[PDB]
Amino acid sequence: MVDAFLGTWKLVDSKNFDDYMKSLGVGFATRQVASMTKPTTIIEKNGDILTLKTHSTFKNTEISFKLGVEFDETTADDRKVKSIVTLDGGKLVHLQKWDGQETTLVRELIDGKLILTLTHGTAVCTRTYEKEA
Ligand SMILES: CCCCCCCCCCCCCCCCCCCCCCC(=O)O
């Protein structure tokens with residue numbers, strides 16, 4: 001179900017990430033470093049448990065979850081959120097909730113590339129990842 005998402009992915013295009021970070025209240029200095037960072041995202045599976053690592057020269061994160069089961073998460077920008085990840089239309093949809101706010105992180109495969117769409121408020125960011133061998 002999730003199997004074409006699995007592997008190591010490198011950031012190759014970003015659009016509107018500053019908009020997205022600013023909407024979340026990320027400070028200018030962090031937005032500045034993040035705008036020049038190219039993370040590696042690693043998505044692994046062990047049975048029903050997915051682990052999603054995001055590695056960079058600035059911030060690292062790691063989450064583990066079962067699809068369709070809520071989990072606590074502390075994001076790269078230090079939000080403490082209630083999260084759930086599911087497959088929807090073949091897309092991996094990650095919803096974060098905190099303080100009555102929501103953001104979605106939607107991953108879809110298009111021509112072998114991993115497109116991550118990040119929405120908060122009115123801000124919509126599109127970031128493109130290519131697989132590493
Ligand atoms: C989960 C990403 C964090 C690990 C590497 C981060 C590189 C820059 C963006 C994300 C975190 C650091 C800067 C603060 C903004 C974080 C906003 C939420 C997470 C965005 C993840 C973006 C991505 O996975 O490409």
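Numbering starts at 1 and runs along the sequence shown. Both counts, for ligands and for their atoms, begin at 1 and track the order of listing. Side-chain atoms are counted along with the backbone in the values below, which use heavy atoms only and exclude waters and symmetry mates.
In terms of protein heavy-atom proximity, atom 2 (C) of ligand 1 is closest to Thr54 CG2, 3.6 Å. Scanning all protein heavy atoms for the shortest distance to atom 14 (C) of ligand 1 gives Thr30 CG2, 3.9 Å. For atom 1 (C) of ligand 1, the closest non-hydrogen atom of the protein is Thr61 OG1, 3.3 Å. Distance from atom 7 (C) of ligand 1 to its nearest protein heavy atom, with residue and atom name: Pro39 CG, 3.7 Å. The protein non-hydrogen atom at the shortest distance from atom 10 (C) of ligand 1 is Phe17 CZ, 3.8 Å. Atom 3 (C) of ligand 1 has as its closest protein heavy atom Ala76 CB, 3.3 Å. At the top of the distance list for atom 17 (C) of ligand 1, counting protein heavy atoms only, stands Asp77 OD1, 3.8 Å. The protein heavy-atom contact nearest to atom 4 (C) of ligand 1 is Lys59 O, 3.2 Å.
Between the CD atom of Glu44 and the NZ atom of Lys53 there is a distance of 5.5 Å, given to the nearest 0.5 Å.
Each of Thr126, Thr103, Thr117, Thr119 was evaluated against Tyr20; a single residue qualifies, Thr103, per the side-chain hydrogen bond (donor to acceptor under 3.5 Å, both in side chains) test.
Counting only distance, with no hydrogens or angles, the side chain of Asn60 and the backbone of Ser56 share a donor-acceptor pair below 3.5 Å. A donor-acceptor pair under 3.5 Å links the side-chain atoms of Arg31 to the main chain of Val26, judged by distance alone. Side chain of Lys131 to backbone of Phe5: no donor-acceptor contact under 3.5 angstrom is found.
Heavy atoms of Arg127 found under 4.0 angstrom from ligand 1 belong exclusively to the side chain.
Between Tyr129 and ligand 1, an N or O atom pair is found at a separation short of 3.5 Å.
Close contacts between ligand 1 and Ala34 involve ligand atoms 8 (C), 13 (C) [criterion: under 4.0 Å to a heavy atom].
No heavy atom of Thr75 sits closer than 4.0 Å to any atom of ligand 1. Residue contact annotation: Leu116 has a non-hydrogen atom under 4.0 Å from ligand 1.
For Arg127 and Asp13, the salt-bridge test fails: no basic side-chain N is under 4.0 Å from an acidic carboxylate O.
In this structure, a donor-acceptor pair under 3.5 Å is present between the side chains of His120 and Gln101. For the residue pair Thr75 / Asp77, a side-chain donor-acceptor distance below 3.5 Å is found, with atom types taken as modelled.
For atom 19 (C) of ligand 1, the nearest protein heavy atom is 4.0 Å or more away.
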Can you list the steps and then say if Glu132 with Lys10 is a salt bridge (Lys or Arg N to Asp or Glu O under 4.0 Å)?
CA-CA 7 Å; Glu132 188 195 87; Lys10 320 297 273 188; 3.3 Å; yes
